[PDB]
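Keeping their order, the protein sequence lines are chains A, B, C, D, E, F, G, H, I and J. Note that UniProt numbering has the first sequence beginning at 66, numbered continuously upward. Note that UniProt numbering has the second sequence beginning at 27, numbered continuously upward. Note that UniProt numbering has the third sequence beginning at 2, numbered continuously upward. Note that UniProt numbering has the fourth sequence beginning at 1, numbered continuously upward. Note that UniProt numbering has the fifth sequence beginning at 23, numbered continuously upward. Note that UniProt numbering has the sixth sequence beginning at 25, numbered continuously upward. Note that UniProt numbering has the seventh sequence beginning at 2, numbered continuously upward. All the letters of the eighth sequence, read from the start, carry residue numbers 20 to 53, 67 to 98 under UniProt numbering. Note that UniProt numbering has the ninth sequence beginning at 25, numbered continuously upward. Note that UniProt numbering has the tenth sequence beginning at 56, numbered continuously upward. Quick reminder that beta carbons are idealized off the backbone N, C-alpha and C, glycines included. Beneath this line is the structure, given in structure tokens, with notes to follow.
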Amino acid sequence: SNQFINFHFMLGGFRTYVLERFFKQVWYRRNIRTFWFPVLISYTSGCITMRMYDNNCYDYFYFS
Amino acid sequence: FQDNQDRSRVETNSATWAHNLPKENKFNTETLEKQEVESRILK
Amino acid sequence: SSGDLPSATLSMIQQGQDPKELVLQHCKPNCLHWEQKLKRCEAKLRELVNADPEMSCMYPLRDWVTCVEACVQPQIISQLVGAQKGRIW
Amino acid sequence: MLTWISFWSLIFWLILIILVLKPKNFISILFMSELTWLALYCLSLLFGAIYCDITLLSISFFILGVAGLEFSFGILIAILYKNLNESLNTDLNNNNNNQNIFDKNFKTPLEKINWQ
Amino acid sequence: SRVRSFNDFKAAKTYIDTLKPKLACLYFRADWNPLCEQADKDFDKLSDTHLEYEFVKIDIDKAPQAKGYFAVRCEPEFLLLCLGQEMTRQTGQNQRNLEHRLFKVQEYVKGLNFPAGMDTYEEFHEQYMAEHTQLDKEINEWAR
Amino acid sequence: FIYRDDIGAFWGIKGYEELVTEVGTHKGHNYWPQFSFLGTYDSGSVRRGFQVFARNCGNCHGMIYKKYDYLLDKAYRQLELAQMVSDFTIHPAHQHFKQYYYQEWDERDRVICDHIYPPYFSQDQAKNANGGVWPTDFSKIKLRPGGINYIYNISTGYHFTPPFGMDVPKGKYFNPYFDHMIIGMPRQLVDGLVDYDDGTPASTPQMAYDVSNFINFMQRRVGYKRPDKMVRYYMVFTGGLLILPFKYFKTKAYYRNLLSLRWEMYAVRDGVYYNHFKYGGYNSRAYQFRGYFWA
Amino acid sequence: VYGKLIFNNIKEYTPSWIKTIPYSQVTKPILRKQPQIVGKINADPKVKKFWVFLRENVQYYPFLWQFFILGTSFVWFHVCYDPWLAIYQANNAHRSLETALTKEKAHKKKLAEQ
Amino acid sequence: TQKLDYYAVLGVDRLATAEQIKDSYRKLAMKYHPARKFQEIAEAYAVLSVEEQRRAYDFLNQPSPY
Amino acid sequence: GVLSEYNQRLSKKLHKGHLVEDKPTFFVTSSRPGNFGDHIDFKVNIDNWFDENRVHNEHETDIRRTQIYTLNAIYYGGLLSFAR
Amino acid sequence: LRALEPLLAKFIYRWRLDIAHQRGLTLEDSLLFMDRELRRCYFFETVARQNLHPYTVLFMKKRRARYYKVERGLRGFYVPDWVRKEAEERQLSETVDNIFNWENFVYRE
Ligand code: HEC
Ligand SMILES: [Zn+2]
Numbered sequence: 066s067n068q069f070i071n072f073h074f075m076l077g078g079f080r081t082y083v084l085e086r087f088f089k090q091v092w093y094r095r096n097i098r099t100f101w102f103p104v105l106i107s108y109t110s111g112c113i114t115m116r117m118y119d120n121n122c123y124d125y126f127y128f129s
Numbered sequence: 027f028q029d030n031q032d033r034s035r036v037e038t039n040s041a042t043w044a045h046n047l048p049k050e051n052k053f054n055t056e057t058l059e060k061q062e063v064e065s066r067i068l069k
Numbered sequence: 002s003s004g005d006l007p008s009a010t011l012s013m014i015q016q017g018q019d020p021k022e023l024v025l026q027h028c029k030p031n032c033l034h035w036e037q038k039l040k041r042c043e044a045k046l047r048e049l050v051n052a053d054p055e056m057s058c059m060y061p062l063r064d065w066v067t068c069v070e071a072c073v074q075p076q077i078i079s080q081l082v083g084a085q086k087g088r089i090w
Numbered sequence: 001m002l003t004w005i006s007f008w009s010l011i012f013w014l015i016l017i018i019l020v021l022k023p024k025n026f027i028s029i030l031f032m033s034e035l036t037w038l039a040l041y042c043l044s045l046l047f048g049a050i051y052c053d054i055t056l057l058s059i060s061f062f063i064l065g066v067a068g069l070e071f072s073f074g075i076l077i078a079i080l081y082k083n084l085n086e087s088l089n090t091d092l093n094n095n096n097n098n099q100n101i102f103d104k105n106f107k108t109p110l111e112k113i114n115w116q
Numbered sequence: 023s024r025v026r027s028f029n030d031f032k033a034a035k036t037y038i039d040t041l042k043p044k045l046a047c048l049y050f051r052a053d054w055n056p057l058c059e060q061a062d063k064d065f066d067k068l069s070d071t072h073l074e075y076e077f078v079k080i081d082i083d084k085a086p087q088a089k090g091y092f093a094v095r096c097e098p099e100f101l102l103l104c105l106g107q108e109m110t111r112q113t114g115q116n117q118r119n120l121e122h123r124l125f126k127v128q129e130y131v132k133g134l135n136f137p138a139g140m141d142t143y144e145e146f147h148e149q150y151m152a153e154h155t156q157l158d159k160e161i162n163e164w165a166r
Numbered sequence: 025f026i027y028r029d030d031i032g033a034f035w036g037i038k039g040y041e042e043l044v045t046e047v048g049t050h051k052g053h054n055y056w057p058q059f060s061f062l063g064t065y066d067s068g069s070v071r072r073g074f075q076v077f078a079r080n081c082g083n084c085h086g087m088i089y090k091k092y093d094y095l096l097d098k099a100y101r102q103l104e105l106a107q108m109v110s111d112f113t114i115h116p117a118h119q120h121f122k123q124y125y126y127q128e129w130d131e132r133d134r135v136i137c138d139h140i141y142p143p144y145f146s147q148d149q150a151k152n153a154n155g156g157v158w159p160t161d162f163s164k165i166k167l168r169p170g171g172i173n174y175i176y177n178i179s180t181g182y183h184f185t186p187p188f189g190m191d192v193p194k195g196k197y198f199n200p201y202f203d204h205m206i207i208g209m210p211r212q213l214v215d216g217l218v219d220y221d222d223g224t225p226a227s228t229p230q231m232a233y234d235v236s237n238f239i240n241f242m243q244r245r246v247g248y249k250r251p252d253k254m255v256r257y258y259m260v261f262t263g264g265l266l267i268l269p270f271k272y273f274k275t276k277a278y279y280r281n282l283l284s285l286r287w288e289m290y291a292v293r294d295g296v297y298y299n300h301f302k303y304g305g306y307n308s309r310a311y312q313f314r315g316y317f318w319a
Numbered sequence: 002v003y004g005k006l007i008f009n010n011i012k013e014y015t016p017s018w019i020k021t022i023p024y025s026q027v028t029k030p031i032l033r034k035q036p037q038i039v040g041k042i043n044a045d046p047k048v049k050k051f052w053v054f055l056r057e058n059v060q061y062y063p064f065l066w067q068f069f070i071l072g073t074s075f076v077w078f079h080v081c082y083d084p085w086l087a088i089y090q091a092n093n094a095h096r097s098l099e100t101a102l103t104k105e106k107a108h109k110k111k112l113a114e115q
Numbered sequence: 020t021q022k023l024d025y026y027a028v029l030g031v032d033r034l035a036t037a038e039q040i041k042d043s044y045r046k047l048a049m050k051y052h053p067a068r069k070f071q072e073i074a075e076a077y078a079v080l081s082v083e084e085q086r087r088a089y090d091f092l093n094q095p096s097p098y
Numbered sequence: 025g026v027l028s029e030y031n032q033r034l035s036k037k038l039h040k041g042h043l044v045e046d047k048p049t050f051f052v053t054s055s056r057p058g059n060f061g062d063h064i065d066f067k068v069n070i071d072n073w074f075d076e077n078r079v080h081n082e083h084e085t086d087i088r089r090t091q092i093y094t095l096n097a098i099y100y101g102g103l104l105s106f107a108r
Numbered sequence: 056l057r058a059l060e061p062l063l064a065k066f067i068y069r070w071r072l073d074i075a076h077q078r079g080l081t082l083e084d085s086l087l088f089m090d091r092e093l094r095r096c097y098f099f100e101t102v103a104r105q106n107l108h109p110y111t112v113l114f115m116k117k118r119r120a121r122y123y124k125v126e127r128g129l130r131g132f133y134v135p136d137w138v139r140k141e142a143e144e145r146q147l148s149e150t151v152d153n154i155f156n157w158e159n160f161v162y163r164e
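Here it is as structure tokens:
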């Protein structure tokens, strides 16, 4: 009852606080560094395999 | 909204390469301190 | 004042007629690629004296029909009674 | 290692970029403008040879003439800089603080501001 | 913090370069100036008061080379450095002005932003020598 | 994670390569008022659709799971619906569950609370009457490719010839929207077949649109209840969005306020040993660790 | 990070080689009243009067506070309910059974007097 | 409370000696000793009396002229 | 106004977005027991939120308590509307 | 392994070192006593209570707390330079001494 109701909420403004702190320091630094590489590899490989399987299906269905 | 208390513009920029600590304004009318003059006179 | 005035044009939907044949024969140029592919498939299947029953011109025709009705169906519905949009959205 | 056409187009535009880049000294800008005219001279000759066109060689010598007249004007304008109280470095002709210059410092011609 | 006293220039320089302080205050003193007696007490008081700086005192008489290395002109001198770069310099004896300079430098540095990997400590002369090879070297190659 | 579009399997769902499926929804956009944003059913459209169903479609198909009084308050009034339903007759053999309630033993006029039964007594009778095929029940016809668009497309789309290699036997017709493109339904909707009560011109697309609207209206989870539920979804979304700031205040601001502590550590050298640290400690899982772990 | 391992032969809670902070380097407390951080609305004496009244007459009676919470829930429901229903009903005015019946009656009158 | 200017309260300029501050406080204390204004005077003099406290107060202000 | 509050909060000096102390800071409780010696040379606090997180409303605290009750009541009212 | 040395140096040693320095810690706090040992490990607690002085685990916990008090309140926290410098003052040789001595003591006793 002797403190801020919302302390430190938007110090530095939208740009500094939200962009820098939230995105770069939390989201990127704590999540994307860890999984961007394996997730990218898995997504690309899955897309390639699905495309090959669909091409085999297309060859099965269409003879011309 | 126009704030008349803010009188800064591109004309008043006072960033110099030599001074690592930027000066208060762009008027180079800073005088020496009393102790510096006395010490140099003693020298 | 509009609504209390006579209508200048009477479409054939408003005459209780089906324009679907005209719309089909007008949406065909939009899907010439699929139509040509279906013709080529039919020509290829005709030449083979013996063919697997799994082989048919059914799928090229399915694609061509899909394209033609993609062109055709919405514009016929858009003129019907009860297909008007809402007052705001 | 680069084709001459692309090389010379890029050279002309890079010369213009470097002319803009360098500090605004009138003599330096004059020299770079002469270099720009010479690059145009070379490009015109190259295309004249490629396309078997005789008008571009004319462009070469007309560039020579235009550049000569422009250089004469530039020499006279610099000597005019002498007589007026102006510096050949234009960045020293204003009080706008510039971080690119180590020693830019101007103050009012007063010995002191306050008397009492 | 607490004043670190030095009489040898090499030892003091090695200590400062090993510490690599973010904010440092160097007090160069000599015995020719009678006012240096009060400057010692002022330096001690400000050192115990302030904890963000590292306070190093150098006796110029016992370490003359230090003077030449630090461009000391008129003792007593208080040199305020940030990451080894000269923030400011004060000549003479006055405690209020010294505290004001310390406060100003502290707040300005606290309001600063440094890109990652470019906030390392550097030696003093490193700033002078960087501009020397940029200006003085070429001038000496034209006149001589 | 990416699927082809030219193999006939929409979005990776396989099994429907033998018919046209995406016309209503994916390839082309058929507008239905009840499926738009803040849209609802058209009462006149549903009314005309029920008229079409009663006059033509109900002579072969049925909606066993549903009764006539679904149309109350949205398409018909009680009295007019009563006469219109009474235009048809029902039998005790029609009833799926003829308990003691249905004490009749002959034909009688239908009532609005009766299930919508076909004129046939049984599915086998329907098959026998319709040349071996059964007119499908419309109770759950929503689970067809493009749903309401499926009904509309089947009603239309009798304007093509089979390709080479496809043979259409007698009693069957070519329809690209039906499975295997061979259907046992002759073309039903002809121009001017049904005389509308409201005077709307009666064309084949109009009747197909109306009957599709009616059949979709009778459905569950997609008819006569979806629009109000979407409005409820919008209201709940607005409530959550407006309550987000107060949740942030309470939780995050309270935590940040509680974590604003001051800590001080001092030197204690009064000659007292830390016997409580050396000879202290409790563990609730000691009953598990004892006798087994670290002996 | 600080030093070698310490075993139980030291017998003192703070070992002699742990440095202490002299009192000259300790931050002294501030013993004066700082200006309040308040907004324009809450600095109004009328708003303070309202807060005092609300506290003393509703907050100090827990069941009255529960009635206050019920009122807040009522306001929440009506705020989230009324506008969506209003716009939804205004959007579909022309798609009503009353409009359909009006058209049917007009057509019936025309056909009768035809 | 609200932000307060101690030099304005004591009626002295920033570059004033300590004895000037004492004299100003005594002159203002003879008048309002027997509420809010006297409290402001007391707070300003308490802050400005100590050299360290006055220096710390002056550093944060960064005064403007006039 | 909200614009004014944003304007004051825009000028705060921070270290990579966090309001933390720029120097080591030590505090001593003057009324601490005599067996407690001096502060050990360990930086126990990086921040100063105990002093920075203040509104200085010690002359009116029940008002802030009532405001916190009101915010809690609004949150509970939304939850209770859904439960109803 | 000798051909793979630069990758291991970049992605194992330097990765953990950078994360620890950002948190204001060193490889001490991640390699001397594990996280699962400082909390809910009756064997480690018994050995520490029977042989160790309180300040070891206490100082490690104090560093963790001084970081996470700010981190929990406002996430994405980088310690200032005066904490990172204190962290960087400690080298890996003393950490190796501590780790080896602790492991040998635990085994032997
Ligand atoms: C009796 C002659 C019928 C009338 C009148 C209507 N339909 Fe019909 N329909 C009939 C049969 C015998 C069949 C089955 C064909 C087969 O080969 O299985 C059908 C089928 C349909 C379907 C297909 C449903 C499916 O299971 O995929 C639809 C959508 C359909 N009928 C609609 C429909 C409508 C809207 C009618 C009123 C205009 C209608 N039918 C009349 C027999 C008869
Ligand atoms: Zn055409």
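For ligand 2, no non-hydrogen atom lies closer than 6 Å to the CB of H85 (chain F). Taking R286 (chain F) as reference, the option from I:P57, I:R89, I:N31, I:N69 with the minimal CA-CA separation is I:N69. Looking at the DSSP output, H63 (chain I) sits in a beta bridge with F:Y290, G:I22. For the segment 41-62 of chain F, the set of positions with a beta-carbon nearer than 8 Å to some beta-carbon of chain A reads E41 in chain order. Note that the segment 144-157 of chain E does not touch the segment 171-184 of chain F; fewer than 3 beta-carbon pairs, one per stretch, sit closer than 8 Å. Counting C-beta pairs with one atom in each stretch, the segment 80-87 of chain I and the segment 31-45 of chain G have three or more that are closer than 8 Å, which means they touch. A Cβ-Cβ distance of about 12 Å is found for the pair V31 (chain H) and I73 (chain H), leaving them out of contact under the 8 Å criterion. Proximity of chain I to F69 (chain A) at the Cβ level (cut-off 7 Å) is accounted for by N77, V79, in chain order. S27 (chain E): member of the beta strand (DSSP E) spanning 26-28, first to last residue. For the C-beta of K37 (chain I), the chain E residues within less than 7 Å are, from N- to C-terminus, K132, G133. Taking CB atoms only, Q99 (chain D) has a neighbour in chain B less than 7 Å away. In this structure, DSSP gives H76 (chain J) a helical state, which the three-state scheme calls helix. Straight-line spacing of the CA atoms in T64 (chain F) and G48 (chain F) works out to 19 Å. According to the DSSP assignment, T90 (chain I) belongs to the alpha helix (DSSP H) that extends over 86-107. For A46 (chain E), the pairing in a beta bridge is given by DSSP as E:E76, E:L103.
Where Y89 (chain F) is concerned, the enclosing beta strand (DSSP E) starts and stops at 87-91. For the C-beta of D91 (chain D), not a single chain B residue is nearer than 7 Å; the gap to the nearest is close to 13 Å. Within chain J, the C-beta atoms nearer than 9 Å to that of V68 (chain I) come from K117, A120, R121, in chain order. When only Cα atoms are considered, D64 (chain C) and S97 (chain G) end up about 40 Å apart.
Counting the other Cβ atoms within 10 Å of the Cβ of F64 (chain G) gives fewer than 16, which makes it exposed.
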